[PDB]
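Worksheet: the structure to be examined is printed underneath.
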Ligand SMILES: [Ca+2]
């Protein structure tokens, strides 16, 4: 997260770290058994680390749980990173407590101008902001006109832009898969951009509100 | 340069996803 601040510990209790040797993507706990992340973060088995604030220190709050199933959206497209959403089923349910709490799925799509929070342990492009401690940033959703003007012909219905066209504040590498939460609902998943925090290149996010049908039917299993 | 925000170690551009390149520090960006 570039241009943000260290989160109050456990203020984003849905935030998870996906780890396979080291932190490589974030995710969001949506109930005791399932995590939502980005489809490009796919690995066939991952360890999900919950209750984290500083990922390099054991603090006592952590739960580390292996995945049992990692399911990419059927229409994910790696060429253009379209439909970039994935579900991870935990091999055992998370214990919900002060440190670990799910985030609600959206009841409707949030309109442009809504203020949201994005968080993660990715690159901060700063000598003073430590990416091992969870960083937080407040970003507005941008209109489709601004988003498509920044990235001509690249923005699909499964994507939205959020951030600042002036640059300076953005998500960055190592934040993929993490939450964009707006008024207590998971509206976006960190997905892609041209660099990080560059003028005229706001971050692009997977639009969760159009995936409610697939998310809730898949979390039912078979 | 569509570059997904995943943290990925690289030695060459070909290690990275989409239009990410291997930056000097040994990671895609
Ligand atoms: Ca820790």
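We number chain A the same way Swiss-Prot does; the residues here are 21-242, in that order.
Looking at the header, which is where the method is noted, we find X-ray crystallography, 1.8 Å.
Note: Cβ is positioned from N, Cα and C throughout, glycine not excepted.
Annotated features, as they stand in Swiss-Prot:
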- A:27-A:156: disulfide bond (DISULFID)
- A:45-A:61: disulfide bond (DISULFID)
- A:60: active site, charge relay system (ACT_SITE)
- A:72, A:74, A:77, A:82: Ca(2+) binding site (BINDING)
- A:104: active site, charge relay system (ACT_SITE)
- A:129-A:229: disulfide bond (DISULFID)
- A:136-A:202: disulfide bond (DISULFID)
- A:167-A:181: disulfide bond (DISULFID)
- A:190: site 'Required for specificity' (SITE)
- A:192-A:216: disulfide bond (DISULFID)
- A:196: active site, charge relay system (ACT_SITE)
Requested in this report: Among A:27, A:60, A:61, A:192, A:229, these being the recorded positions, pick the one whose CA is nearest to that of residue A:77 (Ca(2+) binding site).
Outcome: A:27
Query raised in the report: Using a Cβ-Cβ cut-off below 8 Å, which of the recorded positions A:27, A:77, A:156, A:192, A:229 are near chain B?
Result: A:192
Report summary line: By Cα geometry, the one of the recorded positions (A:45, A:60, A:61, A:129) nearest residue A:74 (Ca(2+) binding site) is A:45
**Report entry** Sorted by sequence, non-A:72, A:74, A:77, A:82 residues with Cβ within 8 Å of centre, Ca(2+)
**Finding:** A:69, A:71, A:73, A:75, A:76, A:78, A:79, A:81
Query - Site with most surrounding Cβ atoms, counting all protein chains shown within 10 Å, from the disulfide-bonded residues A:136, A:216 - result: A:216
Report summary line: Sparsest Cβ environment (other Cβ within 10 Å) among disulfide-bonded residues A:181, A:229 belongs to A:229
Report summary line: Result for ligand 1 contact check over recorded positions A:60, A:104, A:129, A:181 with Cβ cutoff under 6 A is none
